[PDB]
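Below: the structure, in structure tokens.
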Amino acid sequence: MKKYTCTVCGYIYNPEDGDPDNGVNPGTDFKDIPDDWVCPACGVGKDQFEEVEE
Ligand SMILES: [Fe+3]
């Protein structure tokens, strides 16, 4: 799956590690993360993230 980055602070969501402390298990693609999840480093919503294209 692809990584997504927060365009406000630079945090990168990597689907292989998820964000387990906030209920996103490793192996969850960004689209499936519940829509109320926010960036763990700056608090903005998923709407500020962009797919990291390879
Ligand atoms: Fe952020």
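To be explicit about the labels: the chains of the structure tokens are called A, B, and onward in the order shown, and within each one the residues are counted from 1, while ligands get numbers from 1 in the order they are shown.
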Note to self: Around ligand 1, out to 12 Å and counting only C-alpha atoms and all ligand atoms, which residues are there? I want them as a ChimeraX atom specification.
What the structure shows: /A:4-13,37-50
Which parts of chain A does DSSP call strand (DSSP E or B) when run on the backbone here, written out as a PDB file with N, CA, C and O atoms, in the first residue's frame?
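Saved as states_27.pdb:
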ATOM      1  N   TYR A   4       1.369   7.996   3.015  1.00  0.00           N
ATOM      2  CA  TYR A   4       0.632   9.280   2.852  1.00  0.00           C
ATOM      3  C   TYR A   4       1.353  10.277   3.760  1.00  0.00           C
ATOM      4  O   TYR A   4       1.814   9.936   4.840  1.00  0.00           O
ATOM      5  N   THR A   5       1.462  11.512   3.354  1.00  0.00           N
ATOM      6  CA  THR A   5       2.131  12.443   4.212  1.00  0.00           C
ATOM      7  C   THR A   5       1.213  13.604   4.550  1.00  0.00           C
ATOM      8  O   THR A   5       0.373  14.015   3.729  1.00  0.00           O
ATOM      9  N   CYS A   6       1.398  14.116   5.757  1.00  0.00           N
ATOM     10  CA  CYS A   6       0.599  15.261   6.237  1.00  0.00           C
ATOM     11  C   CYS A   6       1.245  16.488   5.601  1.00  0.00           C
ATOM     12  O   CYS A   6       2.423  16.772   5.820  1.00  0.00           O
ATOM     13  N   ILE A  12       4.630  11.205   8.091  1.00  0.00           N
ATOM     14  CA  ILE A  12       4.344  10.216   7.082  1.00  0.00           C
ATOM     15  C   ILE A  12       3.631   9.013   7.704  1.00  0.00           C
ATOM     16  O   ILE A  12       4.118   8.407   8.689  1.00  0.00           O
ATOM     17  N   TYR A  13       2.513   8.668   7.124  1.00  0.00           N
ATOM     18  CA  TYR A  13       1.760   7.529   7.596  1.00  0.00           C
ATOM     19  C   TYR A  13       2.279   6.364   6.721  1.00  0.00           C
ATOM     20  O   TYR A  13       2.227   6.424   5.513  1.00  0.00           O
ATOM     21  N   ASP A  19      -0.691   3.112  13.043  1.00  0.00           N
ATOM     22  CA  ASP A  19      -0.601   4.126  14.142  1.00  0.00           C
ATOM     23  C   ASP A  19      -1.417   3.420  15.240  1.00  0.00           C
ATOM     24  O   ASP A  19      -2.480   3.838  15.584  1.00  0.00           O
ATOM     25  N   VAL A  24      -5.077   2.422  14.734  1.00  0.00           N
ATOM     26  CA  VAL A  24      -4.860   2.109  13.274  1.00  0.00           C
ATOM     27  C   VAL A  24      -3.851   1.008  13.295  1.00  0.00           C
ATOM     28  O   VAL A  24      -2.695   1.208  13.617  1.00  0.00           O
ATOM     29  N   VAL A  38      -6.641  11.810  13.329  1.00  0.00           N
ATOM     30  CA  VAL A  38      -5.901  13.023  12.996  1.00  0.00           C
ATOM     31  C   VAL A  38      -4.410  12.720  13.022  1.00  0.00           C
ATOM     32  O   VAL A  38      -3.955  11.760  13.614  1.00  0.00           O
ATOM     33  N   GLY A  45      -6.665  17.081  10.285  1.00  0.00           N
ATOM     34  CA  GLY A  45      -7.440  15.952   9.719  1.00  0.00           C
ATOM     35  C   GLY A  45      -6.778  15.258   8.498  1.00  0.00           C
ATOM     36  O   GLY A  45      -5.820  15.716   7.900  1.00  0.00           O
ATOM     37  N   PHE A  49      -3.724  15.328   4.166  1.00  0.00           N
ATOM     38  CA  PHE A  49      -2.700  14.347   3.729  1.00  0.00           C
ATOM     39  C   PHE A  49      -2.763  14.168   2.215  1.00  0.00           C
ATOM     40  O   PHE A  49      -3.775  14.437   1.549  1.00  0.00           O
ATOM     41  N   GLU A  50      -1.663  13.677   1.662  1.00  0.00           N
ATOM     42  CA  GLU A  50      -1.584  13.425   0.229  1.00  0.00           C
ATOM     43  C   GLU A  50      -0.813  12.137   0.061  1.00  0.00           C
ATOM     44  O   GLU A  50       0.114  11.828   0.826  1.00  0.00           O
ATOM     45  N   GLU A  51      -1.194  11.402  -0.938  1.00  0.00           N
ATOM     46  CA  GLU A  51      -0.556  10.149  -1.238  1.00  0.00           C
ATOM     47  C   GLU A  51       0.896  10.395  -1.671  1.00  0.00           C
ATOM     48  O   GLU A  51       1.184  11.317  -2.462  1.00  0.00           O
TER      49      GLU A  51
END
Notebook entry, point to check: Can you list, as a ChimeraX atom specification, every protein, DNA or RNA residue that comes within 8 Å of residue 28 (chain A) when you count only C-alpha atoms, leaving out same-chain residues fewer than 2 positions away?
Noted result: /A:15-16,18,24-26,30,32-33
What would the file look like if the residues just selected were written as a PDB file, in the first residue's frame with N, CA and C atoms?
ATOM      1  N   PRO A  15       1.658   2.504   6.019  1.00  0.00           N
ATOM      2  CA  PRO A  15       0.703   1.419   6.252  1.00  0.00           C
ATOM      3  C   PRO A  15       1.343   0.175   6.881  1.00  0.00           C
ATOM      4  N   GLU A  16       2.604  -0.054   6.732  1.00  0.00           N
ATOM      5  CA  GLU A  16       3.220  -1.266   7.353  1.00  0.00           C
ATOM      6  C   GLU A  16       3.346  -1.090   8.864  1.00  0.00           C
ATOM      7  N   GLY A  18       1.271   1.295  10.597  1.00  0.00           N
ATOM      8  CA  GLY A  18      -0.060   1.812  11.104  1.00  0.00           C
ATOM      9  C   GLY A  18       0.207   2.939  12.125  1.00  0.00           C
ATOM     10  N   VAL A  24      -5.077   2.422  14.734  1.00  0.00           N
ATOM     11  CA  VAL A  24      -4.860   2.109  13.274  1.00  0.00           C
ATOM     12  C   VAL A  24      -3.851   1.008  13.295  1.00  0.00           C
ATOM     13  N   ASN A  25      -4.282  -0.179  12.981  1.00  0.00           N
ATOM     14  CA  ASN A  25      -3.315  -1.292  13.036  1.00  0.00           C
ATOM     15  C   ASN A  25      -2.357  -1.374  11.869  1.00  0.00           C
ATOM     16  N   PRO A  26      -1.176  -1.918  12.156  1.00  0.00           N
ATOM     17  CA  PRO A  26      -0.249  -2.091  11.076  1.00  0.00           C
ATOM     18  C   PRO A  26      -0.986  -2.896  10.005  1.00  0.00           C
ATOM     19  N   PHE A  30      -4.353   3.850   4.208  1.00  0.00           N
ATOM     20  CA  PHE A  30      -4.836   5.178   4.621  1.00  0.00           C
ATOM     21  C   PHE A  30      -6.324   5.369   4.406  1.00  0.00           C
ATOM     22  N   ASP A  32      -8.723   3.305   4.650  1.00  0.00           N
ATOM     23  CA  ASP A  32      -9.512   2.600   5.695  1.00  0.00           C
ATOM     24  C   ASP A  32      -9.329   3.137   7.075  1.00  0.00           C
ATOM     25  N   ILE A  33      -8.463   4.081   7.277  1.00  0.00           N
ATOM     26  CA  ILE A  33      -8.312   4.616   8.638  1.00  0.00           C
ATOM     27  C   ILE A  33      -9.607   5.376   8.927  1.00  0.00           C
TER      28      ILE A  33
END
